[PDB]
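In the block that follows, a single chain appears as C-alpha cells, in the form deposited in one PDB entry.
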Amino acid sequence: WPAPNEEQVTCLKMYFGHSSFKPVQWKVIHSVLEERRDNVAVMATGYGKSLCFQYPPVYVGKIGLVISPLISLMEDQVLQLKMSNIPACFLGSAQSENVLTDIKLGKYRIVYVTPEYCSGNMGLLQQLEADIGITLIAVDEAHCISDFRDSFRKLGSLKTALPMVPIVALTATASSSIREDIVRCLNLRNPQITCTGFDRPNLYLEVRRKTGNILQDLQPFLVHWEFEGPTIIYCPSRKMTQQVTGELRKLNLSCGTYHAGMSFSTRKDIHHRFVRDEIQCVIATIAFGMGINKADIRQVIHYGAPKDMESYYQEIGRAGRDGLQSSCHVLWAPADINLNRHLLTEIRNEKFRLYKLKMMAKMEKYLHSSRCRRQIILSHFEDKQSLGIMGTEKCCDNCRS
C-alpha cells in the first residue's frame, strides 16, 4: 500500500481538517485514484464514510457524483462542504439551469443526485465524464432503505455508460448476501471489499431492566430536573416516543419528539434545536440518526430491547463524536423481545431475514450475558481491533460486577 504524499496530506488537512487517513479510508481513496476500482465498504458509524467519496474529487479538482434519495440530508452536506471551501450542490429537475451549466463547466467538486434522476440522465453523466471527468460515483445502501434493490436497479446502466468510472457502494450491514445483491444490482467489476468495524472506547455500555414506570426508569439519569448532557432516548414506536415525551414534560425537561411520521419542518426544527442546545433531549425512533451533526451527544438510552446486535452497534456509534466520555444504556423487559420478532416478518429478502435472525439471537445473548459487553461486540472484528478500556470502570456494567 503506497503511502499518501505531502500534496495528499496537505489537501486532507486544509479541506477536511484531518492530519491523517484511517487505514480503510486510504485503501478506498487510493483504490479509486490509482486503480479506478469499484468498492463495497461495510461502514461502522463514526468511522468516517464521507471522506471516502468526498476526498478523491476534491484532491484532483474534478467531480464526484453522490447518489441518494435523501435530498434534505444531502443539502446539509452541501452547506458543510461550503464551510470548508468545497463547492458542492444538489442537482435535480427543480434545480435551475444556471447550476446545471456550472456543473458542466466543472465548478462543483461534489454533485448530489437521486437514483431516479440518475436513471433518465445517463447522457449527461457521459458528457460530464467526457468534459471534466468523474473521479467516482458513490451510493450508500443505508440511504435507499424504505429496499435498496429497487433504487440500485435504476443504477444498472451506470457501468455500461461509464465503464471507466469506479463506483464506491457503502453499506451499514456486514451481511454477505446484501454485499452480493449490491455487486449484482450495480454490476461491479472485481470490487475491493472492506470492513471498518472498530471499538468506540469513549462509550460506556450498560444493560438494565424496566421497572414498569417511565419516570422510575429515567430518574437515575436526571440530576429544576435535567439530564447530565445532550441525550437521545430511542423508542421502538412513534406512540412510545409521545408517552416518554409526556412523562419527561411533567418535570419541565427540555424535550423534543422525533419520528418519521412528523412533517419536514417539525422534524427539522427538533433537529436544529438539539444542535443549538435549545432542547437537551430528543425522544426518538431510529428515524433520527443519519447526519445529526452534533458532536457532544453524551447519552444514548435505548428504551426497549434493541431489535438486533448489528443495528444496536450502528445506533450507539452516533454518540460521542467529540471523543469525550459517553454512555449507552439499554432499558429492556422480556415482553419487548416478543414484539421485536414481529419486525423480522416484514423483512422481504429471505437471505437477509436469516442474517437479522442471527443478529437478534446475538442481541438476546448480549442482554442476558455476564461477560464484558465490549468483548461480545468486538467478537465480530479482526483481533487487532482495546485491552486498555476493557476491564476498567469505563468499559461496561459487567466489568464493574
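Think of the rigid core as the biggest set of C-alphas that the two forms share within 1.5 Å after superposition. Note that residue numbering follows the sequence shown and begins at 1.
The form deposited in another entry is left out here; the points below concern that form.
Student: Can you tell which of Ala333, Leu51, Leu70, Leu33 moves its Cα by 2 Å or more between this form and the one not shown, with the two forms laid on the rigid core?
Tutor: Correct option: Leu70.
Student: Is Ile214 one of the residues whose C-alpha moves 2 Å or more between this form and the one not shown after the core fit?
Tutor: Not so; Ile214 is displaced by less than 2 Å.
Student: Superposing on the rigid core, I want to see if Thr285 changes position between this form and the one not shown - specifically a Cα shift of 2 Å or more.
Tutor: The answer is no; the displacement is under 2 Å.
Student: Return yes or no for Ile110: a CA shift of at least 2 Å between this form and the one not shown, with the rigid core superposed?
Tutor: No; that C-alpha moves by less than 2 Å between this form and the one not shown.
Student: With a change of at least 3 Å, which way does the C-alpha separation between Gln280 and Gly289 go in the other entry: closer or farther?
Tutor: Relative to the displayed form, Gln280 and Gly289 move farther apart in the other entry - a change of at least 3 Å between their C-alphas.
Student: Closer or farther: how do the Cα atoms of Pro69 and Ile316 compare in the other entry relative to this form, given a change of at least 3 Å?
Tutor: It is closer: in the other entry, the C-alpha atoms of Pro69 and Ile316 lie at least 3 Å nearer than they do here.
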